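Have a look at the structure below, then the notes.
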Amino acid sequence: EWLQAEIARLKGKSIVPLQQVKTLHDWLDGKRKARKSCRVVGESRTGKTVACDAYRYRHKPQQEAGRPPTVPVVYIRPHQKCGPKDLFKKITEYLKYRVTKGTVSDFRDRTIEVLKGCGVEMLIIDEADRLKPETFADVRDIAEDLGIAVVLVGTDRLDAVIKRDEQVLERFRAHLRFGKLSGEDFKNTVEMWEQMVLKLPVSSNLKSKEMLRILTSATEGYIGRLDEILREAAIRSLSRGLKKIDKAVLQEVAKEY
Amino acid sequence: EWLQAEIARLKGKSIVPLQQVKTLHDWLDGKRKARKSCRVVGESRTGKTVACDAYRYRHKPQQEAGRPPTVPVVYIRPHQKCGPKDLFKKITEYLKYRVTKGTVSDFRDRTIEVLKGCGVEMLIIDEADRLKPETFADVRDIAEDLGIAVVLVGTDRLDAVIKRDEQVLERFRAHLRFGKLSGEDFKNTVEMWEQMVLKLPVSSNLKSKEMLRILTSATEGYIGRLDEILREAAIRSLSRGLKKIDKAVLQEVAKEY
Amino acid sequence: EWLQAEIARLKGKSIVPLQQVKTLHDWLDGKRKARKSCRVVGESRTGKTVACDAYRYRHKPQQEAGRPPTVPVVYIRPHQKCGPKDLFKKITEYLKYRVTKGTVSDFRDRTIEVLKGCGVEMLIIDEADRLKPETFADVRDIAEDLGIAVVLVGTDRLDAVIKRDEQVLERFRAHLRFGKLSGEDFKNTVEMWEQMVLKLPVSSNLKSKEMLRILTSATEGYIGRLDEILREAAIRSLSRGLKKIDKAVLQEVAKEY
Amino acid sequence: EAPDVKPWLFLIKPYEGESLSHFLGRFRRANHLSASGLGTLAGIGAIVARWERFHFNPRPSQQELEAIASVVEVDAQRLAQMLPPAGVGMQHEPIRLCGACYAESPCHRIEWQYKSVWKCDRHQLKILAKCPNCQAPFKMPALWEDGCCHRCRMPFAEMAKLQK
Ligand SMILES: Nc1ncnc2c1ncn2[C@@H]1O[C@H](COP(=O)(O)OP(=O)(O)OP(=O)(O)O)[C@@H](O)[C@H]1O
Ligand SMILES: Nc1ncnc2c1ncn2[C@@H]1O[C@H](COP(=O)(O)OP(=O)(O)OP(=O)(O)O)[C@@H](O)[C@H]1O
Ligand SMILES: Nc1ncnc2c1ncn2[C@@H]1O[C@H](COP(=O)(O)OP(=O)(O)OP(=O)(O)O)[C@@H](O)[C@H]1O
Ligand SMILES: [Mg+2]
Ligand SMILES: [Mg+2]
């Protein structure tokens, strides 16, 4: 019945344009035209990884029948304590280059060789604070030896990791900060989320002063929490047979968090 | 499109004949004829790699009709945690004497045949502290066996590595320091960058007291930042259709740092 | 706007040539020549630190082509509970070397190498009483081993700390003392502030008996308070459209102290 | 994950008559592979390091050429044209060169290793078996990276002038 699909929209993930996302896309384009490496910093629930996904999608690969593809933007999330062979394996896999085995020195040479001719312009690294300290040398090498901009993405832990090596601090000195929601921006967001994401059989009227009090204490400005609290309350309302989010179950959900 | 022809120029890198470059080259020559090893130290944005590279190109390898090329000067940047084989392979491939599978004793016997016959007077090792501690045995060996000057280039950490091994500390005791710009020298360099690098269709007059305040705060004397900030501000200005850098656009760029 | 610029001027520092500072510079120059360690003592608002910074800038680094600079005066200020590694760390940074990971014996051995080669004649330590008691062993050691005048600068509490250690007191007995302003000297100095610092559009007549009573009670002879009070009285008066300071407006300010 | 790319390599097109040693050598420079690395990717192990030396003592089987065909995107029947035809005896000791034709197509032709070939018919010139100036014997054709003598650095195209 109709009730079964509705978990899926709620559970299903989506991207909503927001001021913070637009700000990055334009700044990254300055960096990509200029071929300047830089870093993006901010708290872990500000939605940094998602903004970078949205950016990647705007520049599709071009592929002919025979020769290899043009791919302007590369995005990678390293694993914890990611070493040199692991970094080169991820750059190589995001392009689906078929060769899979090799010595660390062979992957190094092979990675430089697939970034060239393939025409990469920007390399984005997410949770870059996971990089094992010696792998920043292979990143400094990619950045100086090829006309490729490198964009490190992380939390305030990224900085503490950068400040331990003058060689790295200086190539990556410029940066942009992802901030939290507040005031009218938090209010307008909430409203967008109701019209663009929840779409329930009857409005939940979230901008009301009494509901914004409950959301603000529950979420403390993180877009992450706001999305999770709202969807959880919506599904949990629909499964109880209500046609909207009930203030009573919004209060119940906000009690767990 | 005239606009496009120019942004692709400002994207690229160039060399300016600063007093610091002429100072290095006049020092290295003494050492070359004297055949003595030495090291060069300084902070990571002082442009050590560029001044050394520019030197390498002042001495084109020569060729007669019969015997192999005579190659007075070699420049190499090794890989992080560089082993003995990795050092020998990179020396050997710079000289273009390609070598097969062999064990490490075979890489050494070939490293000496390619450094002999072919005149080699100086070896330059960039980022010398990428070398594993044992490889210095190979570096000393070469330096003492053949009349080849070896120059080690690096940051303050390089000396922390060297002072661990008294064997190395003594062959490479003499040194030179790359330093940051200041006073009249920063101001003269800024005026040089404007007429030499930027070449914008009307003057911006960067040596003005008001602009030197912004540049001295933004760059802190590193030739790296000075070159980076000015290219970034010129590209940003031209993309807006401005014929010059202005005070407000230079501040909007400097505020990212 | 005019007032805006006068706020932006008067919120900043300046240096006035005064007898106390000319006396310090003649005294320290004798100690730099003769290489004897000594101390500068006096009350906390006498301007000992402006006198020492004014001295440092008369002896800037003398930079040659390829050696480290000669740095006649090194001036440092320790953080609270300064240990043996923090003293070497700051000496090393002040001469622009990068400090890397190692143990205590390494910082000390490296400190002596950068103090040697680089001409160093005098070391000035401000707020000397932030030093942990054991670090004085390293301060004496340098002062005896190398041709270095160490100057300890501080308040009367410094001597209370020093008298706890017979070994140190005897290296650092020679002293110059800063005092307070009085009589003709306080009166003459007030007029120097009007002509060189305040720079408002008409004479405030601060040297008259009726105004000197206000300032004497307000400042008690400390150059610090005199500076601070005449700057606040100038700022406050300019915002109300006066060209000068007057009896009531200066009493309005003084009544805060 | 990738944004809709097809799995790929730096493929190369074979020339009109090059030897299997030379072709594999080009393939493992277009992609940066070692000889045992290419053999491992193909799943035939250390076999490739014989074929680059012309050590065809046991000849390349149909199943081994098909394994290489799955890497290099050339079918087993076009790979077989880079080897001697059935009963055409080759020699794998003296590597040999025309050099006059190396300006028209920079490759080692398989036919220069046949025991029956002594002159190139396109140019009516005697085939070389050493560098005409320094007398050095040529490297195996997989290693023809520079297209010149490895000892005296004379281009193979200039050995056109020094033969017959
Ligand atoms: N622009 C956006 N549109 C819609 N939802 C968003 C957006 N940005 C973030 N979110 C929401 O944020 C949550 C996921 O947060 P996300 O992974 O983007 O955070 P992050 O700051 O990248 O995390 P971390 O730094 O810890 O890796 C999801 O609920 C997702 O819907
Ligand atoms: N001599 C120079 N003339 C012109 N531009 C220069 C010069 N030196 C440096 N630059 C500019 O500043 C940048 C930094 O210089 P460079 O990369 O050579 O620094 P470095 O001291 O070798 O760095 P590191 O020590 O961190 O490896 C260059 O990419 C270039 O844009
Ligand atoms: N000789 C001077 N010339 C110009 N301005 C001065 C002079 N002496 C003091 N001042 C001004 O008055 C202030 C008085 O503080 P000062 O810098 O003298 O501190 P200090 O007494 O040396 O500090 P400490 O607490 O360490 O003893 C200075 O910061 C400066 O603004
Ligand atoms: Mg993320
Ligand atoms: Mg460098």
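The numbers here are math on the coordinates, done by the rules we state, and not lab data. Note that each Cβ is placed from the backbone with ideal geometry, even for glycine, and that neighbours are counted across all protein chains shown.
Could you identify the single residue in B:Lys85, B:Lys90, B:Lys116, B:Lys81 that is within 12 Å of chain A (Cβ to nearest Cβ) and either hydroxyl-bearing (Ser, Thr, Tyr) or surrounded by fewer than 16 Cβ atoms within 10 Å (Cβ to Cβ) (or both)?
Result: B:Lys81 is the single residue among B:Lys85, B:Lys90, B:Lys116, B:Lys81 that is within 12 Å of chain A (Cβ to nearest Cβ) and either hydroxyl-bearing (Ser, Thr, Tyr) or surrounded by fewer than 16 Cβ atoms within 10 Å (Cβ to Cβ) (or both).
Could you figure out which of (1) within 10 Å of chain D (Cβ to nearest Cβ); (2) within 16 Å of ligand 5 (Cβ to nearest atom) isn't true of A:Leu95?
(2)
Regarding region B:234-245, can at least one residue be identified that is more than 16 Å from ligand 5 (Cβ to nearest atom) and closer than 27 Å to C:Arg98 by Cβ?
No, the conditions are met nowhere in region B:234-245.
For region D:43-59, name all the residues that are of a type in the set (D, E, K, R) and either touching a strand residue (DSSP E or B) at 6+ places or on another chain (Cβ under 6 Å) or buried (at least 20 other Cβ atoms within 10 Å of the Cβ) (or both).
Of all residues in region D:43-59, those of a type in the set (D, E, K, R) come to D:50, D:52-53, D:59.
Matches in region D:43-59: D:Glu52 only.
Does at least one position in region C:185-196 carry a residue that is within 25 Å of the chain's Cα centre (by Cα), assigned to a loop (DSSP other than H, G, I, E, B) and not aliphatic (A, V, I, L, M)? Reasoning before the result, please.
First, pick out the residues of region C:185-196 that are within 25 Å of the chain's Cα centre (by Cα): C:185-196.
Within this subset, residues satisfying the condition of being assigned to a loop (DSSP other than H, G, I, E, B) are none.
Scanning region C:185-196 turns up no residue that is within 25 Å of the chain's Cα centre (by Cα), assigned to a loop (DSSP other than H, G, I, E, B) and not aliphatic (A, V, I, L, M).
For residues that are facing another protein chain (nearest Cβ under 9 Å) and part of a helix (DSSP H, G or I), scanning just region B:23-56, find the one that is nearest to ligand 5 (Cβ to nearest atom).
B:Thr49
Please count how many residues of region D:119-148 are within 13 Å of chain B (Cβ to nearest Cβ) and either assigned to a loop (DSSP other than H, G, I, E, B) or over 18 Å from B:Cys118 (Cβ atoms) (or both). Don't jump to the end; show me each part of the working.
Within region D:119-148, the subset within 13 Å of chain B (Cβ to nearest Cβ) is D:131-136, D:139-140, D:142-148.
Checking which are either assigned to a loop (DSSP other than H, G, I, E, B) or over 18 Å from B:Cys118 (Cβ atoms) (or both) leaves us with D:131-136, D:139-140, D:142-147.
Here the count works out to 14.
Among the numbered conditions (1) within 30 Å of A:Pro69 (Cα to Cα); (2) within 14 Å of chain B (Cβ to nearest Cβ); (3) outside any loop (DSSP other than H, G, I, E, B); (4) not β-branched (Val, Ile, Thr), tell me where A:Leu123 comes up short.
For A:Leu123, the exception is condition (2).
Would you confirm, using the coordinates I've provided, whether C:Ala174 is surrounded by 19 or more Cβ atoms within 10 Å (Cβ to Cβ), within 24 Å of C:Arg56 (Cβ to Cβ) and in contact with a helix residue (DSSP H, G or I) (Cβ under 9 Å, 6 or more places away or on another chain)?
Spelling it out, it is not the case that C:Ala174 is surrounded by 19 or more Cβ atoms within 10 Å (Cβ to Cβ), within 24 Å of C:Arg56 (Cβ to Cβ) and in contact with a helix residue (DSSP H, G or I) (Cβ under 9 Å, 6 or more places away or on another chain).
Could you run through region A:167-207 and say how many residues are away from chain B (no Cβ under 14 Å), more than 25 Å from A:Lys11 (Cα to Cα) and of a type in the set (S, T, N, Q)?
The qualifying residues number 1.
Which residue is nearest to the other protein chains (Cβ to nearest Cβ), if the candidates are limited to region D:149-164 and must be within 24 Å of D:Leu20 (Cα to Cα) and surrounded by fewer than 18 Cβ atoms within 10 Å (Cβ to Cβ)?
D:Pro155
Select from region D:11-30 the residues that are assigned to a loop (DSSP other than H, G, I, E, B) and crowded, with 18+ Cβ neighbours inside 10 Å and write down the one among them that is nearest to the other protein chains (Cβ to nearest Cβ).
Step by step, filter region D:11-30, then rank; the result is D:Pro14.
Could you please give the count of residues in region A:217-239 that are of a type in the set (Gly, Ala, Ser) and within 12 Å of ligand 1 (Cβ to nearest atom)? Before you say what the answer is, go through the steps one by one.
Step one: of region A:217-239, the residues of a type in the set (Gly, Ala, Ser) are A:217-218, A:221, A:224, A:233-234, A:237, A:239.
Next, from what is left, pick out any that are within 12 Å of ligand 1 (Cβ to nearest atom): A:224.
So the answer is 1.
Filter region B:23-57 down to the residues that are among the charged types (D, E, K, R) and under 19 Å from A:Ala137 (Cβ atoms), then identify the one that is farthest from ligand 1 (Cβ to nearest atom).
B:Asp53
When residues of region B:10-22 are filtered for being within 12 Å of chain C (Cβ to nearest Cβ), within 19 Å of B:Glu228 (Cα to Cα) and exposed (fewer than 14 other Cβ atoms within 10 Å of the Cβ), how many remain?
0
I'd like the full set of residues that are surrounded by 15 or more Cβ atoms within 10 Å (Cβ to Cβ) and in contact with a strand residue (DSSP E or B) (Cβ under 6 Å, 6 or more places away or on another chain), limited to region D:109-124. Break it down into steps so the answer makes sense when it comes.
Within region D:109-124, the first condition is being surrounded by 15 or more Cβ atoms within 10 Å (Cβ to Cβ), and the residues that meet it are D:109-114, D:117, D:120, D:123.
Within region D:109-124, D:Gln113, D:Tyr114 meet the criteria.
Condition first: within 14 Å of chain A (Cβ to nearest Cβ) and either without any contact (Cβ under 8 Å) to a residue 24 or more places away in the chain or under 21 Å from C:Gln63 (Cα atoms) (or both). Now tell me which residues in region B:208-225 satisfy that.
Passing the criteria: B:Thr219, B:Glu220, B:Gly221, B:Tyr222, B:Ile223, B:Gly224.
In region C:149-166, which residue that is away from ligand 3 (no atom under 16 Å from the Cβ) and surrounded by fewer than 18 Cβ atoms within 10 Å (Cβ to Cβ) is nearest to the other protein chains (Cβ to nearest Cβ)?
C:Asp165
Only one of these is surrounded by fewer than 16 Cβ atoms within 10 Å (Cβ to Cβ) and acidic (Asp, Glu): A:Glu134, A:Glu127. Name it.
Answer to the check: A:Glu134.
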